[PDB]
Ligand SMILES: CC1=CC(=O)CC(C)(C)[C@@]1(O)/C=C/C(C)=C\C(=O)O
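One chain comes next, on its own, written as structure tokens: the form deposited without this ligand.
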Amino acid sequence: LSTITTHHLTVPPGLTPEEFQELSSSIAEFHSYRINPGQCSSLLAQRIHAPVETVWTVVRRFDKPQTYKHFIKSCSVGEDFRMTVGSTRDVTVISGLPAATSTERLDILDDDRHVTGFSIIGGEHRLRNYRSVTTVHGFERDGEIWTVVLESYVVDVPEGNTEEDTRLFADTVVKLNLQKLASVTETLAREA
């Protein structure tokens, strides 16, 4: 039947085991999903040599996902958009297919714990019922500071597709977006 994801029991690539042990509780708390047959779920991680709040400034910017994500043609919010849970954005994706805009809802926004998350509620065929959470975490050793970003999702696997071909696609996109997040925020940090 349905199960629970095991992201909090395994070290994700791009994380050290020591980083993992520090984050195990947060992964259980924020990066766990109810998972059914015909769905898949992944957790990706990215180390960033930038202060937590610098990275969080970009991660929390729900109206501008193109600031760190690839393959966004445009993103539009309401005329009276405010950064609140329940708010929505229309994201036009670059796919090589005809005009495809996904409507995405802001599910979580916690400025104190540095957690946010969203779901695709319509307009996406490759990633139906995609739901995702991003968390940001500070680390220190001997005065040296860095940040880890964790991003997970759950999503339906389309009929005809294997779990592997949905997972590889969604993983690749998150991984590339986290690389861009790191580039952008490290640039922000060093030029701050």
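Sequential numbering from 1, following the sequence displayed.
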Mean C-alpha B factor from the entry: is it higher for 98-106 or for 76-84?
76-84
Do the CA atoms of 15-23 or those of 177-185 have the higher mean B-factor in the entry?
15-23
Based on the PDB entry, the highest CA temperature factor among the options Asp165, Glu151, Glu29, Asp156 is that of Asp165
Given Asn161, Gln46, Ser42, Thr135, identify the residue with the highest C-alpha B factor in the PDB entry.
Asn161
Divide the modelled residues of the chain into thirds by Cα B-factor and specify which third, lowest, middle or highest, holds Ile145.
highest
Can you tell me which third, lowest, middle or highest, the CA B-factor of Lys64 falls into for its chain?
middle
If you rank the chain by CA B-factor, which third does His125 end up in: lowest, middle or highest?
highest
Ranking every modelled residue in this chain by its Cα temperature factor as given in the entry, which third contains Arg131?
lowest
Looking at the C-alpha B-factor of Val91, is it in the lowest, middle or highest third of its chain?
middle
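Omitted from view is the form deposited with this ligand bound, to which the following refers.
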Is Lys69 close enough to touch this ligand in the entry with it bound, meaning at least one heavy atom pair within 4.5 Å?
yes
For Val154, is any heavy atom within 4.5 Å of this ligand in the entry with it bound, or not?
no
Answer yes if any heavy atom of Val148 is within 4.5 Å of a heavy atom of this ligand in the entry with it bound; otherwise answer no.
no
Does any part of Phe139 reach within 4.5 Å of this ligand in the entry with it bound? Heavy atoms only, please.
no
In terms of non-hydrogen atoms within 4.5 angstroms, which of the given stretches 127-135, 156-164, 32-40, 49-57 touches this ligand in the entry with it bound?
127-135
Students should find that, of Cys75, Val115, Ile120, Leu106, the residue having a non-hydrogen atom no more than 4.5 angstroms from this ligand in the entry with it bound is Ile120
